[PDB]
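Source file: query20.csv; contents: CSV, C-alpha atoms.
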chain,number,residue,atom,x,y,z
A,1,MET,CA,-8.1,18.8,-9.4
A,2,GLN,CA,-6.5,16.9,-6.5
A,3,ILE,CA,-8.4,14.5,-4.3
A,4,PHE,CA,-7.4,12.3,-1.3
A,5,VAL,CA,-8.2,8.6,-0.6
A,6,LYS,CA,-7.7,7.2,2.9
A,7,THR,CA,-7.1,3.5,3.6
A,8,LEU,CA,-8.2,1.2,6.4
A,9,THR,CA,-4.6,1.2,7.6
A,10,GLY,CA,-4.5,5.0,8.0
A,11,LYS,CA,-2.7,5.7,4.8
A,12,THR,CA,-3.6,8.8,2.6
A,13,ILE,CA,-3.2,8.8,-1.2
A,14,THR,CA,-3.3,11.9,-3.4
A,15,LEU,CA,-4.7,11.6,-6.9
A,16,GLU,CA,-5.0,14.0,-9.9
A,17,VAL,CA,-8.5,13.9,-11.4
A,18,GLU,CA,-11.0,15.8,-13.5
A,19,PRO,CA,-14.8,16.2,-12.6
A,20,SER,CA,-15.5,14.3,-15.7
A,21,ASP,CA,-13.4,11.3,-14.6
A,22,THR,CA,-15.4,8.2,-13.9
A,23,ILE,CA,-15.3,6.2,-10.7
A,24,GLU,CA,-14.0,3.2,-12.7
A,25,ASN,CA,-11.2,5.4,-13.9
A,26,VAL,CA,-10.4,6.5,-10.4
A,27,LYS,CA,-10.3,2.9,-9.2
A,28,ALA,CA,-7.9,2.2,-12.1
A,29,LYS,CA,-5.6,5.0,-10.9
A,30,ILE,CA,-5.6,3.4,-7.4
A,31,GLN,CA,-4.8,0.0,-9.0
A,32,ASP,CA,-1.8,1.6,-10.7
A,33,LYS,CA,-0.6,3.1,-7.5
A,34,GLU,CA,-1.4,0.3,-4.9
A,35,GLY,CA,-1.9,-2.9,-6.9
A,36,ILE,CA,-5.4,-3.4,-5.6
A,37,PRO,CA,-7.7,-4.9,-8.3
A,38,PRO,CA,-10.8,-2.6,-8.9
A,39,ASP,CA,-13.2,-5.5,-8.2
A,40,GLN,CA,-11.8,-5.7,-4.6
A,41,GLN,CA,-12.2,-1.9,-4.0
A,42,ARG,CA,-15.2,0.0,-2.6
A,43,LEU,CA,-15.2,3.8,-2.6
A,44,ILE,CA,-17.3,5.8,-0.1
A,45,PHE,CA,-17.9,9.6,0.0
A,46,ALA,CA,-20.0,11.4,2.5
A,47,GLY,CA,-21.5,8.0,3.6
A,48,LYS,CA,-22.5,6.9,0.1
A,49,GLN,CA,-21.0,4.1,-2.0
A,50,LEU,CA,-19.8,5.4,-5.4
A,51,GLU,CA,-20.8,3.5,-8.5
A,52,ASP,CA,-18.4,2.6,-11.4
A,53,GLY,CA,-20.8,4.0,-14.1
A,54,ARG,CA,-21.0,7.5,-12.5
A,55,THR,CA,-18.6,10.5,-12.4
A,56,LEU,CA,-17.0,12.6,-9.7
A,57,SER,CA,-19.1,15.7,-10.6
A,58,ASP,CA,-22.3,13.6,-10.2
A,59,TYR,CA,-21.4,13.3,-6.5
A,60,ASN,CA,-20.4,17.0,-6.2
A,61,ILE,CA,-16.9,16.0,-5.3
A,62,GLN,CA,-14.8,19.2,-5.1
A,63,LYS,CA,-11.1,19.9,-5.0
A,64,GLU,CA,-9.4,18.6,-1.8
A,65,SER,CA,-12.2,16.2,-1.2
A,66,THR,CA,-11.4,13.1,0.8
A,67,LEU,CA,-12.8,9.7,-0.2
A,68,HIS,CA,-12.6,6.5,1.8
A,69,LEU,CA,-11.4,3.2,0.4
A,70,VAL,CA,-12.8,-0.2,1.6
A,71,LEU,CA,-11.4,-3.6,0.8
A,72,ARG,CA,-13.5,-6.7,0.2
B,1,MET,CA,21.2,-13.5,11.7
B,2,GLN,CA,17.4,-14.2,12.0
B,3,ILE,CA,14.8,-11.5,11.6
B,4,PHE,CA,11.0,-11.5,11.9
B,5,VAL,CA,8.4,-10.0,9.5
B,6,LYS,CA,4.8,-9.5,10.6
B,7,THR,CA,1.8,-9.4,8.2
B,8,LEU,CA,-1.4,-7.4,8.3
B,9,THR,CA,-3.3,-10.6,9.0
B,10,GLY,CA,-1.2,-11.3,12.2
B,11,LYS,CA,1.2,-13.9,10.7
B,12,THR,CA,4.9,-13.8,11.6
B,13,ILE,CA,7.6,-15.0,9.2
B,14,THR,CA,11.2,-15.8,10.2
B,15,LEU,CA,14.0,-15.1,7.7
B,16,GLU,CA,17.8,-15.8,7.6
B,17,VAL,CA,19.7,-12.6,6.6
B,18,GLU,CA,23.1,-11.0,6.8
B,19,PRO,CA,23.6,-7.2,7.7
B,20,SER,CA,25.0,-6.8,4.2
B,21,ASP,CA,21.8,-8.0,2.6
B,22,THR,CA,19.8,-5.5,0.6
B,23,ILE,CA,16.2,-4.6,1.2
B,24,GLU,CA,15.4,-5.7,-2.3
B,25,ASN,CA,17.1,-9.1,-1.5
B,26,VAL,CA,14.9,-9.3,1.6
B,27,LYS,CA,11.8,-8.6,-0.5
B,28,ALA,CA,12.9,-11.4,-2.9
B,29,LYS,CA,13.1,-13.8,0.0
B,30,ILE,CA,9.6,-12.9,1.1
B,31,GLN,CA,8.4,-13.4,-2.5
B,32,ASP,CA,9.9,-16.9,-2.5
B,33,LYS,CA,8.1,-17.7,0.8
B,34,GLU,CA,4.7,-16.0,0.3
B,35,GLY,CA,4.3,-15.4,-3.4
B,36,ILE,CA,3.9,-11.6,-3.0
B,37,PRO,CA,5.6,-9.6,-5.8
B,38,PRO,CA,8.3,-7.1,-4.5
B,39,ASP,CA,6.5,-4.2,-6.2
B,40,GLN,CA,3.4,-4.8,-4.0
B,41,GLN,CA,5.4,-4.9,-0.7
B,42,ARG,CA,6.3,-2.1,1.7
B,43,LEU,CA,8.7,-2.8,4.6
B,44,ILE,CA,8.6,-0.7,7.7
B,45,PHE,CA,11.0,-0.7,10.7
B,46,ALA,CA,10.8,1.5,13.8
B,47,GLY,CA,8.3,3.7,11.9
B,48,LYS,CA,10.5,4.2,8.8
B,49,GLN,CA,9.9,2.8,5.3
B,50,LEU,CA,12.9,0.9,4.1
B,51,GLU,CA,14.3,1.6,0.6
B,52,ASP,CA,15.2,-1.1,-2.0
B,53,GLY,CA,18.7,0.4,-2.6
B,54,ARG,CA,19.8,0.3,1.1
B,55,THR,CA,21.0,-2.6,3.4
B,56,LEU,CA,19.9,-3.9,6.8
B,57,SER,CA,23.0,-2.5,8.5
B,58,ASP,CA,22.2,0.9,7.3
B,59,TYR,CA,19.0,0.8,9.4
B,60,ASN,CA,20.9,-0.7,12.4
B,61,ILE,CA,18.6,-3.8,12.2
B,62,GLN,CA,20.0,-6.3,14.8
B,63,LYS,CA,19.4,-10.0,15.4
B,64,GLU,CA,15.8,-10.8,16.3
B,65,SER,CA,14.5,-7.5,15.0
B,66,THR,CA,10.9,-7.4,13.8
B,67,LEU,CA,9.9,-5.7,10.6
B,68,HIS,CA,6.4,-4.9,9.5
B,69,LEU,CA,5.1,-5.8,6.0
B,70,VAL,CA,2.4,-3.6,4.2
B,71,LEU,CA,0.6,-4.5,1.1
B,72,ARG,CA,-0.3,-2.1,-1.7
Is it possible to give me this structure as structure tokens?
Amino acid sequence: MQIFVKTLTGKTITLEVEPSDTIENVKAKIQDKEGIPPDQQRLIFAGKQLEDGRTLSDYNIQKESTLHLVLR
Amino acid sequence: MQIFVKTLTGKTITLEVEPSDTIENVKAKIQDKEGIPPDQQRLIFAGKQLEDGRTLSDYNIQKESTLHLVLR
């Protein structure tokens, strides 16, 4: 399924993922596309910070869901 | 001719270029000055993303023009 990630600068990125994909895997996909190291990235969905040891399905993230990316 | 590049942190860099210089060449000049690899840099002018296979003259960039640098 496709998901969207918005940046602090107003950019939107589209990613192809599976509900069984891990958050760490998602961060890795972002690194590949934007060059941002996973340790400097924070992912938020519906006001909650997503953990690297959990999956998309655990957060009930559905197709065309939009995640927010924060930089540290 | 001289041009200006602004960073996301509010820094302004001055570069010496020729209208026949390529965007890839411009990125290379930025790498030399800031240490940012060309693959992690995105250049925007008048709202348009500049391509690595095109030249400054193609975008009608004139002396004292200001470009915007984005990081990925």
Inset, instruction - Compute the set of chain B residues within 8 Å of chain A, using only C-alpha atoms, and express it as a ChimeraX atom specification. - result: /B:40,71-72
Inset, instruction - Pick out the closest residue to residue A:38 from this set: A:8, A:56, A:1, A:70. Count all atoms listed in the file. - result: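 Looking only at the distances to residue A:38, the closest residue turns out to be A:70.
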Legend entry - Residue contacts of residue B:7 (9 Å, all atoms listed in the file) excluding same-chain residues fewer than 3 positions away, as number ranges by chain: B: 10-13, 68-71
Inset, instruction - Select, from B:39, B:24, B:45, B:50, the residue with the minimum atom-to-atom distance to residue B:62, counting only C-alpha atoms. - result: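 Looking only at the distances to residue B:62, the closest residue turns out to be B:45.
The space between atom CA of residue A:2 and atom CA of residue A:21 spans 12.0 Å.
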Inset, instruction - For residue B:23, list every protein, DNA or RNA residue within 12 Å, evaluated using only C-alpha atoms, and leave out those in the same chain fewer than 4 positions away; present the list as a list in words. - result: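 Result of the neighbour search: residues 17, 18, 19, 27, 28, 29, 30, 38, 41, 42, 43, 44, 45, 49, 50, 51, 52, 53, 54, 55, 56, 57, 58, 59, 61 and 67 of chain B.
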Inset, instruction - Provide the atom CA of residue A:14 to atom CA of residue A:64 distance in Å, to one decimal place. - result: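 So the answer is 9.2 Å.
The gap separating atom CA of residue B:66 from atom CA of residue B:48 is 12.6 Å, in Å to one decimal.
Proximity ranking of A:15, A:5, A:46, A:26 relative to residue A:60 places A:46 first, based on all atoms listed in the file.
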